[PDB]
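Okay, so here's just one chain, in structure tokens, the form deposited in one PDB entry.
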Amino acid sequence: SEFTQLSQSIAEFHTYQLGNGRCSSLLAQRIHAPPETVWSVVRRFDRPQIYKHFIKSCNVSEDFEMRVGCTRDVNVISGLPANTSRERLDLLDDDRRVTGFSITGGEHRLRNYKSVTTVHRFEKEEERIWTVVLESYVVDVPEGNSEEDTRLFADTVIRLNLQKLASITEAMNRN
């Protein structure tokens, strides 16, 4: 009744098929803000700078329109030299609060990365409406790297981004 809405998502969107040279992970974050607000940032494929770290800039096309197959160039500085990540919107559903993308090139740390993020309502007593965000990915493990190492990297940045997301979003709920 409570974690049922969540375990359904995990099953459909955050559950993965142990490929040979591939790895994945799932991460969660509580935000003290309403899902509608959180969703309104997460869904903006156009501007991931708002809740993500290490983004120098993000460019889309002049005639930009958000739809599955959508494209963005993300100029990242989480390493050196700078790096332009070519990413594509894989899915977007404003009703179920589900969005997802992949990295088609330009990012040698995360080859064939595919991610999905889902926002959840959690009202658990003066039950103010809180949120839980889930973010998972699947990605290639570079040959000559351990699963663990590529996983530590992806998880660390996702964790920091989800923390920024919590702040930016918790700020919008006391403004």
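We number the residues from 1 along the sequence you see. If you superpose the two forms and keep the largest set of C-alpha atoms that fall within 1.5 Å, you have the rigid core.
Discussion item. At a threshold of one third of the other compared entries, does residue 140 come out as unmodelled?
Written reply: No, none of the compared structures omit it.
Worksheet item: When the other entries of this protein are compared, is residue 65 unmodelled in at least a third of them?
Response: No, none of the compared structures omit it.
Worksheet item: Should the segment between residue 124 and residue 125 be described as having none, 1 to 3, 4 to 9, or 10 or more unmodelled residues of the deposited sequence?
Response: Missing residues, residue 124 to residue 125: 1 to 3.
Discussion item. Can you tell me whether 136-144 has a higher mean C-alpha B factor than 115-123 in this record, or the other way round?
Written reply: Between 115-123 and 136-144, it is 115-123 that shows the higher mean C-alpha B-factor.
Item to complete: Quick one: say whether 17-25 or 153-161 has the higher mean Cα B-factor in the deposited entry.
Response: Averaged over C-alpha atoms, the B-factors run higher in 17-25.
Worksheet item: Lowest, middle or highest third: where is residue 35 by C-alpha B factor in its chain?
Response: For residue 35, the deposited C-alpha B-factor lands in the highest third.
Item to complete: Just say lowest, middle or highest third for the CA B-factor of residue 130 relative to the other modelled residues in its chain.
Response: It falls in the top third of the chain.
Worksheet item: Is the Cα B-factor recorded for residue 64 in the lowest, middle or highest third of its chain?
Response: For residue 64, whose C-alpha B-factor we compare with every modelled residue in the chain, the answer is the highest third.
Worksheet item: Which third of the chain holds residue 90 when residues are ordered by C-alpha B factor: lowest, middle or highest?
Response: For residue 90, the deposited C-alpha B-factor lands in the middle third.
The form solved in complex with a small molecule is left out here; the points below concern that form.
Worksheet entry | Contact residue in the bound PDB entry, chosen from 55, 138, 133, 33 - any heavy atom within 4.5 Å of the small molecule | The residue from 55, 138, 133, 33 that makes the contact is 55.
Worksheet item: Does at least one non-hydrogen atom of residue 113 fall within 4.5 angstroms of the small molecule in the bound PDB entry?
Response: Yes.
Item to complete: Please run the contact check for residue 157 against the small molecule in the bound PDB entry: heavy atoms, 4.5 angstroms, yes or no?
Response: Yes - in the bound PDB entry, heavy atoms of residue 157 and the small molecule come within 4.5 Å of each other.
Discussion item. Taking the small molecule as it sits in the bound PDB entry, is residue 99 in contact with it (heavy atom to heavy atom, 4.5 Å or less)?
Written reply: So residue 99 does not count as contacting the small molecule.
Worksheet item: Could you tell me if residue 153 has a non-hydrogen atom within 4.5 Å of the small molecule in the bound PDB entry?
Response: Residue 153: yes, in contact with the small molecule in the bound PDB entry.
Worksheet item: Heavy atoms within 4.5 Å of the small molecule in the bound PDB entry: which stretch among 140-148, 34-42, 60-68, 105-113?
Response: So the stretch in question is 105-113.
Discussion item. Quick check: residue 99 between the shown form and the other one - does its CA shift reach 2 Å or more after fitting the rigid core?
Written reply: No, the C-alpha moves less than 2 Å.
Worksheet item: Would one find the Cα atoms of residue 25 and residue 78 closer or farther in the bound PDB entry than in this form, where their distance changes by 3 Å or more?
Response: Here the pair is closer than in the bound PDB entry; there, farther apart.
Discussion item. Residue 25 and residue 79: their C-alpha distance differs by 3 angstroms or more in the bound PDB entry. Do they come closer or move farther apart compared with the shown form?
Written reply: Relative to this form, farther apart in the bound PDB entry.
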